[PDB]
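Reconstructed Cβ throughout: ideal geometry from the backbone, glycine too, with neighbour counts over all protein chains shown. Here, each number is a calculation from the coordinates, and none is a lab measurement.
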Amino acid sequence: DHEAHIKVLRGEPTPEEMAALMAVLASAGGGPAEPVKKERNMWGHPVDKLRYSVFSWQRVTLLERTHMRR
Amino acid sequence: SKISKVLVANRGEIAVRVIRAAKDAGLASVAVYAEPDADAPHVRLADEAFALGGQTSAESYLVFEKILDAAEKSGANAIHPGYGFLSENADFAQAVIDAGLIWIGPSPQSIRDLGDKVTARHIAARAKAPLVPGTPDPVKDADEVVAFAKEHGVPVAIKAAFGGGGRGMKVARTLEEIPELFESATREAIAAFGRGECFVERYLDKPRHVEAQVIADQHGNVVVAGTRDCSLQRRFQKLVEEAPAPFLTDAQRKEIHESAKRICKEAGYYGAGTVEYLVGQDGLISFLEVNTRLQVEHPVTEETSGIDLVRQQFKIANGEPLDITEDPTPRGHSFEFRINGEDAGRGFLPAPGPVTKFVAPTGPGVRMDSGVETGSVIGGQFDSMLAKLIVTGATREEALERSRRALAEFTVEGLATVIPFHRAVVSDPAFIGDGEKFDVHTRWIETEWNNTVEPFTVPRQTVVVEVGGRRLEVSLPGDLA
Amino acid sequence: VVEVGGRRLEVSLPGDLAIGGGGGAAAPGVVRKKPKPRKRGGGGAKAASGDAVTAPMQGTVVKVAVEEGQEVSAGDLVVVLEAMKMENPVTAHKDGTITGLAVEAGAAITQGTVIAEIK
Amino acid sequence: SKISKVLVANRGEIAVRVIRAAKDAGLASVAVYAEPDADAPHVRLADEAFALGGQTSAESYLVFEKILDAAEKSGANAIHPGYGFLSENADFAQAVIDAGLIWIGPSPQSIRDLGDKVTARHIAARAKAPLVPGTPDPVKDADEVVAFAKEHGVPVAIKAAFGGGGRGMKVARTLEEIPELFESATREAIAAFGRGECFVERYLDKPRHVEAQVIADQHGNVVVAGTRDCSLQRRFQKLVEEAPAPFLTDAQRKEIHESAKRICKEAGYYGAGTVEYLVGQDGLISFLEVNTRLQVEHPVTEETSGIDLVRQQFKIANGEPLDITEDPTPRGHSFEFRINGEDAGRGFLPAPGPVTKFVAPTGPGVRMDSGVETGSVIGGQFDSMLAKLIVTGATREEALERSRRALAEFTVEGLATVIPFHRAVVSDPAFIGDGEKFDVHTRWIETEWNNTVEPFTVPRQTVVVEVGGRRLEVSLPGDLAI
Ligand SMILES: Nc1ncnc2c1ncn2[C@@H]1O[C@H](COP(=O)(O)OP(=O)(O)OP(=O)(O)O)[C@@H](O)[C@H]1O
Ligand SMILES: [Mg+2]
C-alpha cells in the first residue's frame, strides 16, 4: 500500500465526529478539476497570428513545436 | 454474565423479528448487512448497524471472523443464532464462548447432538419415540441397500445425514431403482457438504408433519409450550403452519408431548426447541426431528401462547428459572403463510426483482412478519422469502375466512410472488377437513390444487483515514459534492 | 485545524487527495515513485569502484597509517578520522599501491575528500 | 470517585501549570479556548481541547454551561478552575456538583462564607483573628463614617462589603472630605457589584503585605505549607513576590502560622488556600483576607517548601489525607517576578501588541511559567500578563544575584513589559535588605521608588450538521482548498 491518506494528526474523535468531519470534507472536496474531455482545438491559436521572418528560428522552436506537441 | 447488547446476524425477516424482540425488551441492538442490504428494513430499524460487505450472502455471512469482529467492535455482549447461516453450527458456539460472548442458543453439545438429524434418530430409538423404524443406524453400503429394500420392502427413502430443507432426500418405488438413488444421494451430498454420511429407511406414503415447542431451564423447569402442523407443502418445503396442531387426538398429543419430555431429558436438554413428527392420514405418529433453531413458524405460537418466545430465550440465556412452568392450553386456531418470491403462474419458478410495491395485511386476526419494504430489491442471492402472513381465529373456520380475505388483500407488484398461490390454496377444499379427519396430505398441492394465475409482464467509495497513525477505513457514497 | 463538535482536530490533507469524485490529482500527468536516497548506489561498491580512497564524513585526520608508495591490501587501515571526538577508521577497499597520499596527520577533511589512490 | 480526566476552565499561565500537573499526576487533561486563544500554548499542551467560541471572556470562559458542556463532551471527571473567572463562583461549583463532577476546590458554602467580606470579618472574629479594633457592618451614612473615624482615629479606610481587585478600597485622611467619598464609594459599589454596602477600618500608614500559604484536608488536617511576602505592589496589585517573608521574628511567624491554622480549622476549609496578613509600619501584625484557591504565587512556596501544590489539590479533591503533617521548612530563598505587557515607565498602563520575540531565561536557579511564546499576540480582554520568572538561591542575597542575572537574560520584544522595572528594583538599596529590614511597603512603587524607566519607542467557515442524535457544528479554515 502506497496511497497518501488523510491524517488526523491531533485529537481522538468519536465515530460520529469522524463521520461529521468526513461528510463535511467530502462535500467540500473539489469537483472534476482538470476535466476528462479537454479536447484539442488549435483553430486560431495565437502562434499562428504572429509575423515570422522567413528565416526565423521560432518557425522551428515555437510554431512547429506548438503545432506538433501532443 | 447477562444480556445487555444483542447482535443478530441473519438476513431479513428473522433479523427484524428478533431486533423487534430486542426493541420490545429494551435491549441494545446491532445489525449487520451485505451490500444489497445496506439500506434494508433491518439495518434501518436496528440501533446500530455494521457492514459485512459483499454482494451475495455466500461472500460474507459464512465467515465467523467477520461476525465476531463486528460483535466486539459494537460491544454486542450477546449474539443470536436466528435460523439459517451459523445459527446451528457448533464452530460458532465455540467461537462465541471462547470470545466470551453470550450465545443465545443451545449449548455446543446440545447443537452437536441435533444438527445431524441422524443423531436425533439415534436418541429417538432409545427414547422410545415413534420411529419410521427402518434402521436407527445407517446401513453400510448399496449391497445392503438392495438387501434391506428387498427385506423391508420398497418404497425406500434415501437420505443424506445433513439433507435438511427437503433437498438432501430421495424416495424410490421399486427394488430395481434404489441403488441409483443411493449413489445420487451420496454424490450430491458430497457436492453440497463434503461429508458423505447417508442413511436409508422405509418410506411412508401419507405422513403429515407435526411438531411441539419445548422450553427448558438452567434451573431444570421444562414446558411444552405449543404445537404446530405443517401439512401444506410444495417442492417439499414447509410453507403453511397451523396452530395449535389440528386434526390430532389426545391419544396422539399424549406421546407428542411425553416422548418430547423423555427425549429432551435423554438429550439433557435446556434452552428452547421443538420436537417434530410425521403423522399418517390414519393418525399414526412417526418421527422427523427434534429442532433447536427458533423455528420460523414462531408467529402462530407467539399469538396462540402467552410468550414472546425470544424474550423467554433472553430469560433462559440469562439462566433465570422459568417463569413459564405449565404445559399450556393453546387457544382456538391460527394459520401462517410464507410469502415466497416465486411466480405461481410459471410453475413456481423463482422470480427475482424490485419490490416496486409491497402492501401486507393488517387488522384483527391477522399479523405480518414483513422482512421487506416498498422500493427494496429481492433475489436468490439471499433467502427466498419477502415476508410471512399470519392468521388466527377462534377456530379454523374463522381463521380460514380471515385467511381468504387476508390473501385477497395482500398485494405485491414489480415481481411475482406466491401470494396468489396462498389465495388459491386457502380456497381449495381438501384443506378444509370434516371435523374428525381432513383430506390434505403430502404432495396434495402438486397433485390436486386448481391453478389460476396469469404470468406478469454511483458505487460506494472507500477512503482511509488515520488517527495518530491508527488505520480507520471509512466509506462514503461515491459522490457527496 | 478543524473543530468538530468543538473538539479540536489537526488534519493533514494530501494535495492529490480525491474523494467524492474529485479531480485535479496529479493534474499534468505526474508520476510518483519511491525517491532514491542521497547516496551512491552502494551495491558492491560506492566510490570503491575507483582507485581513490575518499573520506566518508567530515572530521580530522588524526592518524595516517600508510606512506607514499606502500602496498596495501583490502581491509588495511589507511587513516583514522576524528569526528565528534569519535575515532572512525577509513580502510582500503582494494589491494594496490598507495599513490598520491594527499593528507597529513591533523588535517581537517570533508566528506568525499580524496585521501589517496590505491593504484 | 477518583479523577481520571480534568478540564481546566482557564487560560495561559495557570492553564499550562495545571495541564502540566495533570500529566505529572498521570491525569488526562482537557483545555478550552476563546477565539483569540485558539493557538495559545495550553491548547496544544492539553490531551484534548475545545473551542468555547466568542471573542471575550464574557462570551467564553465565564459561561457556566459552556464549560459543563465541554466536560460532558470530553467526559472529564473533574473541573479545575484557574485564578479568577469561575474559580470563586459558589453557584458554579454548585452547578458542577449538580452535574456530579469533581469540583477541584472548596465546597460551595465553604466559599460563600468567605465570598462575603462582612461575613469574612464575622468569621475572622469567630476565629479570633489578629484584627483591627473596628468592625463595622456596612455603614448607614456619612455621619456614621465620620463617627467611626472620630472613635477609632484617622487615617481611616472605607472598604466595600463585596468585590475585590483593589476596586472597592478608599482611604480618608481627614474628617471633612468623607461624605462625598462615602456617597461615591457607595456608587462605585453599586456600579461594580450592585451592593451599595461599605464598612470602615483603621488604616495602617505604610504597611507590609504578608501571606500564609495553606494546604487543608477534607479529613481535618491543616498544614501551613509556607509564608510569603507580597508587599511590592502597584495599585494594590502584586508585581514581585518573595519567600519566605523576609523579616518577621519567630514570635510573629508562629503567631501567623497558628492563626492561619485556626482560621482554616474554624471555616472547615479544605483544598488549597491562602490567608492574607499585614504588618504595619509600626509592626502591628493583623489579618486581611482569606483567598479560597491556590494563589498564582504558589511557585515560590513550591520552590522553598518543595511541594507540588496542584498535585496536593488533586489529592485533596480525591479526598486523600495529607502526607505532610509537620510543616515544611524553607530550604532557601526565592523571588517571583510577574512579567506583564504593561509599561512601568508610563504608569503601568496596558500596552498590548505582538510578542515578536520571547527569549526566556534559563540555567541555574531559574524557573519560567509562561502563557506566550515567540509569535504570540495579546489584547486588553485578558490579563496582559505574559509569564512568571522564579529565581531561587540558598539566601536572599544569592537569590538577588541570580535575579540580577536572570532579569538581564530575559529578552522580550514587540510589546512593552515590566522587565526594566524588575531590573531596576533588584538593584535598589531600598529593596536590598539592610540585614534585618527592608523599606518597601504596599505603597512603595507608587510613593517611594524612583520610576526613571524611559518609555518604549479571514473569518473561518462553518457548517451545522446532524449525525444521528448528535448536533455538531463543524468549523474550518475559511479557504480550505482540499
Ligand atoms: N488593603 C489591601 N492590602 C493589600 N492588598 C490588597 C488590599 N486591598 C486589595 N488588595 C489586593 O486586591 C485583592 C482584593 O480583592 P480580594 O482579596 O477580595 O479578591 P481576589 O483575591 O482578587 O479575588 P479573585 O481572584 O476571585 O478576583 C487582594 O487579593 C489583594 O490582591
Ligand atoms: Mg484577597
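Can you work out the base-10 log of I(q)/I(0) for the range D:1-112 at q = 0.12, 0.13, 0.18 1/Å, using the Debye formula on its C-alpha atoms alone?
-0.35, -0.41, -0.81
For the cross-link pairs D:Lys2/D:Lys73; D:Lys117/D:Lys206; A:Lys7/A:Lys38; B:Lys140/B:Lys170; B:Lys5/B:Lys388; A:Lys7/C:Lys36, which exceed 29 Å when the distance is taken from alpha carbon to alpha carbon?
Over 29 Å Cα-Cα: A:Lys7/A:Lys38.
For the residues D:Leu400, D:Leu232, A:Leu63, what sequence is obtained by ranking on other C-beta atoms within 10 Å, fewest first?
Fewest-to-most Cβ neighbours within 10 Å comes out as A:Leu63, D:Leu400, D:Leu232.
Given the C-alpha atoms of the range D:155-244, compute the convex hull and give its volume per residue in Å³.
Values: hull volume 11.8 nm³, N = 90.
Value for the range D:155-244: 131 Å³ per residue.
How about D:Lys254: which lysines have a C-alpha closer than 17 Å to its C-alpha, ignoring those fewer than 8 places off in the same chain?
D:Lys254 reaches D:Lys128, D:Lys265.
First measure r as the distance between the Cβ atoms of C:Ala47 and A:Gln58, then evaluate 1/(1 + (r/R0)^6) with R0 = 56 Å and state the FRET efficiency to the nearest 0.05.
0.75
Scan the range C:38-99 for GluC sites (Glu not before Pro) in coil per DSSP, keeping those whose Cβ has at most 12 other Cβ atoms within 10 Å, and list them by number.
Working: sites: C:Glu67, C:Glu68, C:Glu71, C:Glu82, C:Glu87; in loops: C:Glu67, C:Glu68.
Hits after loop and neighbour filter: C:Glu67, C:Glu68.
Can you tell me the dipole magnitude for the range D:29-116 around its Cα centre, using point charges on the Cβ only (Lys, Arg +1; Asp, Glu -1), in Debye to the nearest 20? Don't skip to the answer; put the middle values down first.
Working: 4 positive and 14 negative charges, 31 e Å.
Roughly 160 debye for the range D:29-116.
Tell me the Kirkwood hydrodynamic radius of chain A in angstroms, computed as one over the mean inverse distance between distinct C-alpha pairs.
Every distinct Cα pair counted, the radius reaches 17.7 Å.
Between A:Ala4 and B:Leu349, with labels modelled 7 Å along Cα→Cβ, what's the label distance in nm to one decimal, could you check?
Output for this residue pair reads 5.5 nm.
Test of understanding: what is the full-extension gain from B:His219 to B:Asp24, defined as 0.36 nm times their sequence separation minus their Cα-Cα distance?
Gain in length upon complete extension: 67.7 nm.
Hey, for a label at B:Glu473 modelled as a point 7 Å past Cα toward Cβ, could you say which residues of the range B:59-93 have their backbone N under 13 Å away?
B:60, B:66-67, B:69-70
When only DSSP loop residues count, what trypsin sites (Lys or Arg not before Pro) in the range C:29-75 have their Cβ near at most 12 other Cβ atoms within 10 Å? Intermediate values should be presented prior to the final figure.
Values: sites: C:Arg32, C:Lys33, C:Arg38, C:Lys39, C:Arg40, C:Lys46, C:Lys63; in loops: C:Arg32, C:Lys33, C:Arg38, C:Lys39, C:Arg40, C:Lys46.
Sparse-neighbourhood loop trypsin sites (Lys or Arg not before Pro): C:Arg32, C:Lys33, C:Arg38, C:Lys39, C:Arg40.
Check cross-link reach from C:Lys33 to the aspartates and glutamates: straight Cα distance under 12 Å, and skip same-chain residues fewer than eight apart.
Filter leaves A:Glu3.
Return A:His5, D:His333 ranked ascending by Cβ neighbour count within 10 Å, so the fewest neighbours appear first.
Ordered from fewest to most neighbouring Cβ atoms within 10 Å, A:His5, D:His333 come out as A:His5, D:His333.
At D:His122 and B:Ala125, where each label point lies 7 Å from the Cα along Cα→Cβ, what is the point-to-point distance in nanometres?
With each label placed 7 Å out from Cα toward Cβ, I get 9.6 nm.
Roughly how big is the range D:184-291's charge dipole about its Cα centre, with Cβ charges of +1 (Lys, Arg) and -1 (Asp, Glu), in debye to the nearest 20?
On the way: 14 positive and 16 negative charges, 36 e Å.
So the magnitude is around 180 debye.
Under a plain spin-label model, where a point goes 7 Å from the Cα along Cα-to-Cβ, how far apart in nm are B:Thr457 and B:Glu326?
The answer from the label model is 6.0 nm.
Let me know the whole percent of all Cα-Cα pairs from the range D:313-465 that are separated by more than 22 Å.
That tail contains 54 percent of the Cα-Cα pairs.
What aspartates and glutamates does C:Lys119 reach when the alpha-carbon gap must be under 13 Å and sequence neighbours fewer than 8 apart in one chain are set aside?
Of all the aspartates and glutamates, those that pass the test against C:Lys119 - Cα under 13 Å, at least 8 places apart if same chain - are C:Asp51, C:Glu68, C:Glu71, C:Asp95.
Can you pull the Rg over Rh of the range B:181-223, Cα-only, Kirkwood?
1.24
Can you give me the Cα centroid spacing of the range B:182-204 and the range C:41-119 in angstrom?
82 Å
Any of B:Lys23/B:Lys315; D:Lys150/D:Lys437; D:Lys238/D:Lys437 with alpha carbons more than 24 Å apart? Name them for me.
Going by Cα-Cα distance, D:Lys150/D:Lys437 fall outside the 24 Å limit.
From the C-alpha coordinates alone, can you work out the Kirkwood hydrodynamic radius of the range D:51-152, in Å?
Hydrodynamic radius (Kirkwood, Cα pairs) of the range D:51-152 is 16.5 Å.
Apply the Karplus curve 6.51 cos²θ - 1.76 cosθ + 1.60, θ = phi - 60°, to the phi angles in the range D:176-184 and return the couplings in whole Hz, x for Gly and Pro.
Those phi angles translate into 6, 7, 4, x, 5, 5, 4, 4, 5 Hz.
Quick one: work out Rg over Rh on the C-alpha atoms of chain D, Rh as Kirkwood radius.
Radius of gyration over Kirkwood radius for chain D works out to 0.97.
Within the range C:16-53, list the residues whose amide N lies under 19 Å from a label point set 7 Å along Cα→Cβ of C:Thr99.
Residues C:47-53 fall inside that zone.
Take peptides B:447-453, B:386-392, B:343-349 and line them up by average Cβ neighbours within 10 Å, highest first, as a rough protection proxy.
Top of the packing list down: B:386-392, B:343-349, B:447-453.
At 0.36 nm per residue, minus the direct Cα-Cα distance, what do B:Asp69 and B:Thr362 gain on full extension? Give it in nm, one decimal, please.
That works out to 101.6 nm of additional length.
When a footprinting reagent is the concern and you count Cβ atoms within 10 Å, what order do B:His209, D:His152, D:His441 take, fewest first?
Working: B:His209 20, D:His152 17, D:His441 23.
The most exposed by this proxy come first: D:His152, B:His209, D:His441.
If R₀ is 41 angstrom, what is the calculated FRET efficiency for the pair C:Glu71 and C:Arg38, using the beta carbon separation as r and rounding to 0.05?
Values: r = 35 Å, r/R0 = 0.84.
Plugging the Cβ-Cβ distance into 1/(1 + (r/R0)^6) gives 0.75.
For an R0 of 35 angstrom, estimate the FRET efficiency from the Cβ-Cβ distance between B:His257 and B:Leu45 and round to the nearest 0.05. Please list the in-between numbers first.
Numbers: r = 36 Å, r/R0 = 1.04.
Calculated transfer efficiency: 0.45.
If you project the alpha carbons of chain C onto their three principal axes, what span does each projection cover, largest first, in Å?
Dimensions of chain C along the principal axes of its Cα atoms: 74, 34, 20 Å.
Any chance you could list the semi-axes, whole Å, largest first, of the equivalent ellipsoid that the Cα gyration tensor gives for the protein assembly as shown, using √(5λ)?
83, 49, 31
Within 10 Å of each candidate Cβ there may be at most 15 other Cβ atoms; applying that plus a DSSP loop requirement, which trypsin sites (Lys or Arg not before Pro) in the range B:1-38 survive?
Qualifying residues, ordered by number: B:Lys2.
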